[PDB]
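Structure in structure tokens, see below.
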Amino acid sequence: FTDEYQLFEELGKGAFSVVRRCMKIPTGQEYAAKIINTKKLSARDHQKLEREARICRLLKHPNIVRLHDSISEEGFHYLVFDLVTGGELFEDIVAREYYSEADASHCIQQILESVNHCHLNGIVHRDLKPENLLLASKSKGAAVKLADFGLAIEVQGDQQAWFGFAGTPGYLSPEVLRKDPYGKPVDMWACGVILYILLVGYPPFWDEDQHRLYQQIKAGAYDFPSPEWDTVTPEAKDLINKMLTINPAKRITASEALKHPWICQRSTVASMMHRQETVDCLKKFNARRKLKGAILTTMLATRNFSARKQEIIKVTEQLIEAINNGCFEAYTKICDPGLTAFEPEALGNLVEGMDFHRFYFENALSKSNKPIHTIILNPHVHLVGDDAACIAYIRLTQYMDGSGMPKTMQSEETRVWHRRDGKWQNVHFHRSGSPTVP
Amino acid sequence: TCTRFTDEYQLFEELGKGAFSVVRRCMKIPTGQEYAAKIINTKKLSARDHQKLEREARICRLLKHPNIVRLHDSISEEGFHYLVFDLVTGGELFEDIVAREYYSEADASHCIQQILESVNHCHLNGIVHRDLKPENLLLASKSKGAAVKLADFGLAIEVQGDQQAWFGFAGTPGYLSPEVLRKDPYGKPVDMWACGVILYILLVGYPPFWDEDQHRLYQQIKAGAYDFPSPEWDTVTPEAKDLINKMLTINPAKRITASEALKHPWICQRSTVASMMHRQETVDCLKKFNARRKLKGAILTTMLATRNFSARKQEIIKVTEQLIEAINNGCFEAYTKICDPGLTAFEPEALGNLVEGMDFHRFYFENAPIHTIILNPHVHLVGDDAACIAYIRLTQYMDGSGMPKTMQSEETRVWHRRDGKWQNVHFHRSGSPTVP
Amino acid sequence: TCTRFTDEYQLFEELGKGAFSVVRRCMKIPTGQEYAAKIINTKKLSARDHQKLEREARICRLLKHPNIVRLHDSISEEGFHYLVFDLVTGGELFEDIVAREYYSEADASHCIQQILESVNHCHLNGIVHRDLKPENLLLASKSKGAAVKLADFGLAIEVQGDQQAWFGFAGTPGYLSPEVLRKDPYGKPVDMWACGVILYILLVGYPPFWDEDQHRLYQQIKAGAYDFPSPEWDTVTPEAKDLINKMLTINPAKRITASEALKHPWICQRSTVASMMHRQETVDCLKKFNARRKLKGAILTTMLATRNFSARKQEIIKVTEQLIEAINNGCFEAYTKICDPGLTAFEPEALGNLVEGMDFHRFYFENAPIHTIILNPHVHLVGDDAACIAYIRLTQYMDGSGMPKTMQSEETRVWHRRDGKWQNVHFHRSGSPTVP
């Protein structure tokens with residue numbers, strides 16, 4: 001690399017890569033060099049970087065970050081990209097003093113031009129999102145450039161296939177969420193989501209619960225609420241509708257969208273009114289997006305439960321209570337007669353019926369006179385139909401041991417519930433960890 | 001990958017040791033010219049220390065100034081690496097000053113002028129030293145009038161024009177600049193703050209910022225809290241004080257640069273501005289300063305932190321002691337008075353889980369000769385109404401057999417003053433459970 | 001073995017806790033007269049704490065003076081023991097003073113007179129309190145003009161006539177007498193030294209002896225190193241200073257006694273000798289004194305000792321660091337330079353034996369990335385040419401698998417300056433060996 005180019009300031013650094021401003025001394029250029037410490041690159045990471053470079057070499061377009069050169073050294077591979085200085089498109093928009101549909105249409109025109117180029121070269125990006133929409137420079141009219149093909153796939157013409165569950169939740173297409181084979185149209189759905197945001201500054205599908213979010217997407221459950229959408233042109237709403245078409249076979253393509261009046265006749269179709277409420281809302285959208293930027297896998301418990309999920313928690317705690325109090329009548333009321341169970345007491349066997357559990361009621365659960373305190377930690381409830389549910393939780397038990405010393409033990413427990421004859425009943429459970437009897 | 005050094009040099013005694021290097025006196029055999037050879041096993045060189053080595057060599061290659069320890073050659077010998085430097089034989093500037101019979105502002109100005117010239121040369125080449133201190137201010141030789149030389153660029157960095165950036169928290173506490181202490185992006189001005197500290201010492205023999213509590217020291221530095229106490233400063237020219245003030249400027253954007261300082265009347269018109277009065281009190285104090293610095297010189301890493309606790313920190317210790325007392329006495333009322341109702345806790349009794357509330361702890365009060373010792377408590381004040389304390393909890397007790405025993409746990413407790421009362425909102429115990 | 005207390009008393013809230021006792025407010029049912037009941041499980045009572053209980057009861061039975069918390073009954077209830085005391089409701093004297101709008105020498109003299117009268121009564125009964133301090137100087141009630149009362153005889157001892165003897169190292173550091181600090185036999189005069197400390201505080205609001213380093217404090221006390229700084233003391237009558245000097249007399253045989261102090265002009269002729277000028281600066285300072293004392297009040301045992309090390313102590317740290325550096329660098333020459341040839345050592349590598357000389361250690365230099373941390377070093381200066389240091393040696397290293405690891409050992413090193421050089425004559429390592 002130093003052979004021809006010259007390195008300068010650092011623009012970023014990942015796990016195996018460091019990026020710096022560069023210059024081709026022979027030609028007075030200026031690029032972004034992705035310096036990869038090949039000694040840190042794993043095998044599966046090696047497979048993905050080979051794919052990203054091959055794809056980037058294949059895409060030569062103004063609105064696509066261009067890969068200019070690839071060269072290796074002593075355990076150090078260099079990838080020379082375009083130098084992009086303008087940052088995120090969405091961040092630039094909030095800084096503008098004027099912003100209208102015409103501005104949004106000019107943006108989406110460029111994004112569609114890049115998507116169309118990708119599709120024409122048999123490439124699907126699969127992760128169109130604001131973070132991957134950059135401005136070439138801070139110049140007043142810099143070009144929008146599509147970036148980061150780390151999730152991009154190579155497709156065979158117009159053949160659909162299941163390439164895996166990948167993308168960013170808020171932009172995933174219905175076909176991917178349905179687990180159907182998919183292809184180029186997934187990018188056009190994402191474009192429709194981006195176009196929606198560019199007009200009013202908030203997403204068309206949003207929900208704290210990801211499961212609910214995905215239900216909304218699969219149902220195409222978006223609308224154009226007043227007042228903000230009252231001033232949006234019909235043609236812009238029309239283009240969104242054609243992109244956010246649930247059935248990918250009927251979804252507008254990149255080539256077709258480039259011919260939509262709102263795109264190719266912007267001068268006469270797109271409004272030129274200022275949308276301050278879109279700028280104000282985009283500011284909040286961007287701020288939330290930068291706060292939720294998870295650098296690492298973060299797993300947060302559940303704490304805002306529907307009434308249906310609380311019902312499962314309640315009957316579960318009623319069952320645990322009956323066990324602690326040695327009330328076999330309540331236990332057989334709440335448990336299904338055909339209950340099965342994996343539990344440490346059963347030594348890796350699947351036990352069926354009430355017999356195995358009757359032994360601990362008829363003896364220990366009431367015979368032993370010592371204080372015990374049960375704690376249920378981080379319950380998670382799956383609703384799997386109107387009359388079925390699953391609950392998973394940690395069961396912490398404080399108790400007094402033989403020497404009269406306080407002890408604690410932990411179990412992990414799954415309980416499957418079926419509403420039969422109007423009553424939630426436990427048909428199967430699985431305990432791992434410690435056995436519930438001290 | 002050559003063999004120049006071994007086939008053209010001769011090695012002698014060691015002069016100093018580095019993190020990954022050894023410095024030895026050497027001689028170029030053909031000429032009998034002696035140098036200081038910095039040697040490294042290319043084996044040692046990890047990706048980090050190899051990048052550091054490359055950086056030091058690249059930086060030192062650029063620096064060719066009379067008042068800088070010059071690099072003469074860089075050789076990779078297929079198994080080792082050798083950086084050939086000037087051999088400095090004059091010792092430290094500060095040691096030389098105390099031995100003089102006459103020392104005045106004019107002498108100090110001459111010293112600072114050479115130091116600024118070395119710093120100015122670095123900055124003009126886009127290089128920031130970051131570790132200006134007496135140990136790096138050497139005399140080229142024992143000859144009277146020898147030149148001051150700037151040494152040791154192991155912490156030096158390269159900057160791009162006048163662009164600031166975070167290059168890491170590096171330097172020596174007494175000479176660190178406010179911008180580094182604030183975690184701001186920084187650049188060339190950090191060296192000029194250090195020069196201000198050095199100039200202050202060269203005039204009176206003691207530093208402008210000093211405190212046994214490093215946190216207080218850094219807050220003094222960030223506030224620019226220095227002054228010119230009488231009587232020693234009453235005899236100092238106003239122009240000397242003026243130059244110091246322009247160096248010890250909190251805002252690096254308003255701080256005097258190396259070039260500007262070299263134009264200051266006290267420097268470039270030294271014969272007219274600088275006093276030639278001998279300053280015996282400065283020589284005396286400097287001898288103490290050097291003796292203290294030599295005792296505290298960085299040898300091995302040493303940790304010791306239980307200073308004269310402030311009243312605010314003692315308050316956190318007291319409420320923590322009151323809490324543990326309530327536990328040992330099994331007084332749950334006092335426990336729920338001191339602990340926030342939304343208390344969270346990691347502890348061995350909870351088996352890796354984060355527990356919330358009072359329930360988990362009530363079990364031990366309701367069901368379960370003790371001497372508790374709190375060892376080496378450390379308190380962070382995190383606002384007027386917040387603090388955390390960290391201590392070793394060493395408990396002596398009698399076991400079931402009637403035998404004495406000791407258990408240890410390490411505890412963190414976070415405190416928030418709510419409704420006028422210090423309350424424990426979170427704690428983390430590691431080690432042994434608190435119950436026998 | 002009776003049942004008087006339970007059949008004739010009624011118990012209420014707790015007022016304080018003791019090592020083996022609980023103090024509760026109580027009432028004699030027939031009369032409605034309230035008292036403070038000190039209760040003990042006769043179970044707790046070990047041979048020691050049973051002898052202490054017997055001692056406190058026997059001593060308190062003797063003391064019947066208006067300015068002493070009187071004992072009214074001692075009952076053993078076949079399972080418990082109850083000491084019935086006066087109920088004191090006035091709080092501490094020092095807290096009351098800060099709340100007054102007028103306070104002068106005359107007020108202080110009146111306070112000290114009652115304190116001396118209580119102490120005089122003890123001494124005349126062959127009893128030494130040994131723990132005179134503000135916490136034990138209470139007001140009988142909240143009524144204006146209430147009597148000062150001496151409380152808490154848990155550290156009190158019995159003496160035989162005027163015979164001195166070693167009764168143990170007991171008391172509160174700021175009020176300990178030189179003779180106890182010297183480990184001399186002692187007696188009644190220890191209470192009079194404490195009275196001098198209390199009187200000094202009553203006049204200006206701060207103690208005569210104070211230092212964060214307890215060792216320095218004790219050397220101040222043993223030297224009698226106090227003074228009367230201006231301006232606060234310029235307005236104090238010479239007779240007040242005179243009485244203080246006669247109490248803070250290093251030699252207990254020349255110290256003024258309680259009886260003699262009660263005859264001092266500033267006491268018995270208070271109306272003529274003591275100034276009636278209000279001393280607002282004393283009230284202000286006392287408020288600080290009380291606040292500080294309340295923060296540091298003995299709750300649980302707390303250990304924290306890494307003060308602003310002296311130059312002499314830093315020298316021991318430095319030479320210890322240099323020694324460990326030589327070990328880590330495998331430099332046996334430097335090791336035999338620093339270690340005495342007759343070095344002895346306990347260490348895990350020696351399997352419980354005491355090894356002597358250099359041979360045992362040469363093996364590890366001759367045959368066998370390191371970061372050594374020295375944690376919480378403590379230095380005892382044991383003469384101008386001797387010291388010992390004790391520290392935790394925490395070593396980070398890479399193992400055979402290329403994985404980072406940490407080991408801990410605890411080390412003692414004894415140093416003797418021989419021929420002008422600090423040399424290590426003995427060391428003791430516990431915990432891990434120093435080799436991976």
Side-chain angles (χ1 to χ4, degrees), chain A residues 1-89 110-111 114-115 117-118 120-137 142-155 166 187 295, chain B residues 47-48 50-51 54-55 58 158 160 165:
Chain A
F1 182 87
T2 50
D3 309 353
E4 156 163 281
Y5 307 99
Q6 184 69 46
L7 295 168
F8 312 110
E9 60 194 331
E10 272 176 315
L11 303 170
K13 57 181 71 178
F16 62 86
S17 52
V18 298
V19 280
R20 298 174 164 167
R21 177 150 120 300
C22 122
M23 172 172 297
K24 183 178 178 181
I25 265 55
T27 317
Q29 300 293 157
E30 228 169 23
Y31 300 98
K34 186 191 181 69
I35 317 176
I36 299 112
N37 190 344
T38 317
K39 299 186 294 181
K40 312 177 58 49
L41 196 68
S42 67
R44 175 53 47 83
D45 303 330
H46 186 90
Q47 183 182 29
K48 296 170 185 182
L49 196 128
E50 152 172 17
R51 185 193 303 268
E52 181 176 0
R54 174 169 75 262
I55 284 170
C56 285
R57 281 191 295 274
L58 167 60
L59 298 176
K60 182 183 174 181
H61 192 271
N63 307 100
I64 296 176
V65 173
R66 176 56 176 169
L67 165 55
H68 276 246
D69 205 8
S70 294
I71 52 188
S72 67
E73 294 197 327
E74 297 192 336
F76 253 98
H77 186 62
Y78 294 81
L79 304 175
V80 193
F81 272 12
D82 293 334
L83 200 61
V84 297
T85 296
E88 261 186 297
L89 174 64
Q110 293 172 73
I111 295 165
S114 66
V115 172
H117 192 269
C118 291
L120 269 164
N121 294 278
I123 284 162
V124 184
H125 188 278
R126 287 200 308 174
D127 202 19
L128 271 87
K129 63 184 161 185
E131 285 83 359
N132 297 337
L133 299 176
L134 310 178
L135 293 168
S137 59
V144 172
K145 286 197 161 166
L146 181 61
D148 195 356
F149 293 75
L151 290 183
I153 57 170
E154 295 155 306
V155 299
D187 289 340
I295 293 84
Chain B
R48 275 177 59 78
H50 197 103
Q51 180 164 18
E54 271 175 320
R55 201 210 322 280
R58 178 174 62 258
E158 299 147 301
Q160 301 282 12

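No hydrogens, no waters, no symmetry mates; every other heavy atom, side chains included, goes into these values. Reminder, nothing fancy here: chain letters follow the sequence lines and each chain counts from 1.
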Side chain to side chain contact (heavy atoms under 4.5 Å, CB included) assessment of A/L49 paired with A/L79: CA-CA 10 Å; A/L49 196 128; A/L79 304 175; 4.2 Å; yes
Residues B/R58, B/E158; criterion side chain to side chain contact (heavy atoms under 4.5 Å, CB included); working and verdict: CA-CA 10 Å; B/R58 178 174 62 258; B/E158 299 147 301; 2.5 Å; yes
A/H77 side chain to A/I71 backbone, donor-acceptor under 3.5 Å: yes
Distance, nearest 0.5 Å, that separates CD1 of A/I123 from CG of A/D187: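 The CG atom of A/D187 is 11.0 Å from CD1 of A/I123, to the nearest 0.5 Å.
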Parallel, tilted or perpendicular, as decided by the 30° and 60° cut-offs, for the rings of A/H117 and A/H61: tilted
A/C56 and A/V65: CA distance, side-chain angles, deciding distance, side chain to side chain contact (heavy atoms under 4.5 Å, CB included) verdict: CA-CA 8 Å; A/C56 285; A/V65 173; over 6 Å; no
Sequence-distant partners of A/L120, side-chain contact (heavy atoms from CB on, under 4.5 Å), two or more places apart: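 A/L120: side-chain contact (heavy atoms from CB on, under 4.5 Å) contacts with A/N116.
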Heavy-atom pair with the smallest gap, counting every atom of A/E88 and A/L135: O-CD1, 4.3 Å
A/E73 versus A/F1, closest heavy-atom pair with distance: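 Reported closest heavy-atom pair: OE2-N, 2.7 Å.
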Atom of A/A32, atom of A/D82 and distance for their closest heavy-atom approach: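 Shortest heavy-atom separation between A/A32 and A/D82 comes out as CB-O, 3.6 Å.
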Value rounded to 0.5 Å, distance of CG in A/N132 from CG in A/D127: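 So the gap between those two atoms works out to 5.5 Å.
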Value rounded to 0.5 Å, distance of OH in A/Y78 from OG in A/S70: 13.0 Å
Euclidean distance, A/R126 CZ relative to A/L128 CG, rounded to 0.5 Å: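 The CG atom of A/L128 sits 12.0 Å away from the CZ atom of A/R126.
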Approximate separation, where rounding is to 0.5 Å, of A/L67 CG and A/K60 NZ: 12.5 Å
Candidate list A/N37, A/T38, A/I36, test side chain to side chain contact (heavy atoms under 4.5 Å, CB included), partner A/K40, passing option: A/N37
Salt bridge (charged side-chain N to carboxylate O under 4.0 Å, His left out) involving A/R57 - partner list, sequence neighbours excluded: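 With neighbours one apart ignored, the set is empty.
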Atom pair CD1 (A/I153) and NE2 (A/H125), whose distance is rounded to the nearest 0.5 Å: 11.5 Å
Over 12 foreign heavy atoms within 6.0 Å of CD, B/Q51: no
A/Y31 and A/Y5 aromatic ring geometry - parallel, tilted or perpendicular at 30°/60° bounds: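 Perpendicular.
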Intermediate values then yes/no, side chain to side chain contact (heavy atoms under 4.5 Å, CB included), A/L89 and A/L134: CA-CA 5 Å; A/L89 174 64; A/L134 310 178; over 6 Å; no
A/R66, CZ atom: more than 12 neighbouring heavy atoms under 6.0 Å: yes
Name the atoms and distances for all side-chain donor-acceptor pairs under 3.5 Å in residues 15-25 of chain A, with sequence neighbours left out.
unit_1, atom_1, unit_2, atom_2, d
A/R21, NE, A/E9, OE2, 3.4
A/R21, NE, A/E30, OE2, 3.4
A/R21, NH1, A/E9, OE2, 2.8

